[PDB]
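See structure below.
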Amino acid sequence: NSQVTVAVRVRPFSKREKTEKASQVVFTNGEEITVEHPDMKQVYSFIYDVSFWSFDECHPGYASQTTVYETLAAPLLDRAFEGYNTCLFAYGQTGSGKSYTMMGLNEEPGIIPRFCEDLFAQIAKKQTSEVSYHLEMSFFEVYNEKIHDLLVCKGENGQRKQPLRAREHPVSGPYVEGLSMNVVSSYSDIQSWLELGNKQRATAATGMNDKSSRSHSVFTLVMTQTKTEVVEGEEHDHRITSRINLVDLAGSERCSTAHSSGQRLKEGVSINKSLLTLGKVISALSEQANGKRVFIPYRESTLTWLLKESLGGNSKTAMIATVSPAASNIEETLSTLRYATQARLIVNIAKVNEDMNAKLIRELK
Amino acid sequence: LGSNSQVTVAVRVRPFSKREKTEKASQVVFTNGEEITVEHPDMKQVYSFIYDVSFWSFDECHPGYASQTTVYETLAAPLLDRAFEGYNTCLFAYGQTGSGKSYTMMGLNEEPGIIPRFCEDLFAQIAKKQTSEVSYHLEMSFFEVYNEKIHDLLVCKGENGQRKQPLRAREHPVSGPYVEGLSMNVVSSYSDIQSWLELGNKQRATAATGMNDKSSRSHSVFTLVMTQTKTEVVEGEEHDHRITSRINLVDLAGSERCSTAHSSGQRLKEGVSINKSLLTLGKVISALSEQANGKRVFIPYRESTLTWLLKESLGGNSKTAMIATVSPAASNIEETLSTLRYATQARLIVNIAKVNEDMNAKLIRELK
Ligand SMILES: Nc1ncnc2c1ncn2[C@@H]1O[C@H](COP(=O)(O)OP(=O)(O)O)[C@@H](O)[C@H]1O
Ligand SMILES: Nc1ncnc2c1ncn2[C@@H]1O[C@H](COP(=O)(O)OP(=O)(O)O)[C@@H](O)[C@H]1O
């Protein structure tokens, strides 16, 4: 089997929201995230695999950064050190708390640095001069189904981002023609590459934020593990490689509540199509794991086509969604809750928790 | 509702008037202590009546003289006791013109009536039981009925040829009838009560007539709302059990024949309205007294604003007391007889009073 671990991070209230007294609409009951519109009408309920209640630091089950890491990412490291492939998707709207979860701040670090440093630590523990490791990484983006390299020195002129193309190797699967790769030995030599890429990544000001993401981003870390057998015959030939993919996805963005035209419209359509195809892929993989063999439409998008070998077979996939609990963003949070979901979401009416002043059926009983 | 509180009736004989001394009127009402005997001056026929209480303010030095404070300490103080217990209470006057209803209820500056003593005793009792467990909240209103319209006495008018803004009455399904828009003022002390009362009595309508040079030509209802917020022994929130009580003190106008107090126009109009209201009240009293004897009877509450707003006091849910005021002059023997007959008919009324815990259908209900 190869299942898909879907998870959700409920951001806590920010200072602006506490000052405006923006009321809470996303609540938890443990194994369920519930949405109760302030009108107290159709109450939505979603059952995921893992729920991260980062809402209030004193509530039971408080999802710290270390908690989230040990919950989702570390099994991907343990899997990578077995010779299998791993993929971590990050989805969320802007302001929902996605970068906090993936990257982190100067303090309270996130999945990216935690995974990197724990990886290097386990590498050091497993170094013997009988077993060796090599780490090579790349970082690229997808924009209107065209691939661009993020680690390339570029000047200022018109239409400078030269598009690369995907190609299918019969054994190794799909790849990008002309994409650069760079060798690493720590995290301090990853940070300066990521900071070079995230400045070339496409952005544009919109009704949601003046600096939003408008292109999918893939950071791929390729590990090669070399072994040697003591039979005096297998000279540095036992090779096994693994790929860890970390994919920052852009938001859906409805073109109805944002009157747009031209390039922003095109970007939204492309992003939307990519997300739809990714959802089809994840659902079909879930069905495959539950037994019924199906056809995965990998080929309907550059992202899925390039990530084909990292979302199938003997592999591990995780999808971290990030949602905000404020009532000011019902449509986006529900859009992000309806998206990241493999099972069936249930809806009811639950304004009848006010039967008689904290029901008090204790009296009736 | 496990009770039956009988309406408590009193009678007060006022002294001879200037008018009734100018006309050489005789004495026809007498007492033997607790009973009240009335005699026609023709020496033809005698009647007797018996009440729960009877007062005798005919002469200062006579035996049994029931002064203003004695009337208070006999009637109004138990109503304050029940108000502190948690019951709604009502005290209303009745009588012919010039009987002395406004005097008995409000009084003069040198002889305060029942209201300035009730409110003062209330605040004084509070000052001894305002401990840490229980707090108190007091609101007041004071409204008027004039030509079947409702007016507020505790506002300062504008200045126009017409500055009597009429309110309307409504029927809440649970709380019963009430007045829409009535200024309910939060009170702190007896001095504030007195200020509001002065303003209201200065705003109330009056006029000179042939039987009262300062006549009470409008019905007046004085409402107090007292909320005692007490505390249980709690692991959480204190001050979590409240009891409410409404005290309604009512000064009504007198019958008044149009020929005796000869005056035309607005005086006649408002006298007619007064007469109509009194008729409807009499019908209500008779119908309740007939209910008390086991018959199926319909109470005409809706035929007048007065009874409509007092629906919960003449019957319903509150402890009620009536004060009939009579004159000993022989010239008014018929009206004295009518008043006394309605009063003794009122003793048969039985109201179902309950405590306003505001805990029934909440927790004390199934607790007990
Ligand atoms: N677990 C958390 N606790 C407190 N604040 C958080 C948490 N997660 C996210 N945030 C807040 O979210 C903000 C990041 O939002 P932003 O990065 O603009 O959205 P996005 O990640 O979608 O671009 C941070 O300023 C941070 O204060
Ligand atoms: N017990 C009493 N002692 C002295 N005066 C009285 C007494 N009862 C009535 N009066 C006199 O009767 C007059 C009219 O009383 P009032 O209450 O205004 O009658 P109404 O029922 O018309 O309001 C007052 O001026 C008052 O002096």
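Throughout, chain A uses Swiss-Prot numbering, with the displayed residues spanning 391-755 in order.
Note: Cβ is positioned from N, Cα and C throughout, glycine not excepted.
Annotation note: A:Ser489 (ATP binding site) sits in a helical segment as assigned by DSSP. All protein chains included, A:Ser489 (ATP binding site) registers 18 other Cβ atoms within 10 Å of its own Cβ. The ATP binding site annotation in Swiss-Prot covers A:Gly482, A:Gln483, A:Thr484, A:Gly485, A:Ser486, A:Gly487, A:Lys488, A:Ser489 and rests on a large-scale study or a structure entry.
The feature domain 'Kinesin motor' is assigned by Swiss-Prot to A:393-736, with sequence analysis given as support.
The most densely surrounded of the binding-site residues A:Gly482, A:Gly485 is A:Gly482 (count of other Cβ atoms within 10 A of its Cβ). Of all the Cβ atoms in the protein chains shown, 24 others lie within 10 Å of the Cβ of A:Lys488 (ATP binding site).
The secondary structure of A:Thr484 (ATP binding site), as reduced to three states from DSSP, is coil rather than helix or strand. Apart from A:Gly482, A:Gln483, A:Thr484, A:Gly485, A:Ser486, A:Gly487, A:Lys488, A:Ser489, the ATP site neighbourhood in this chain, defined by C-beta within 8 angstroms of the site C-beta centre, holds A:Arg401, A:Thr712, A:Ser714.
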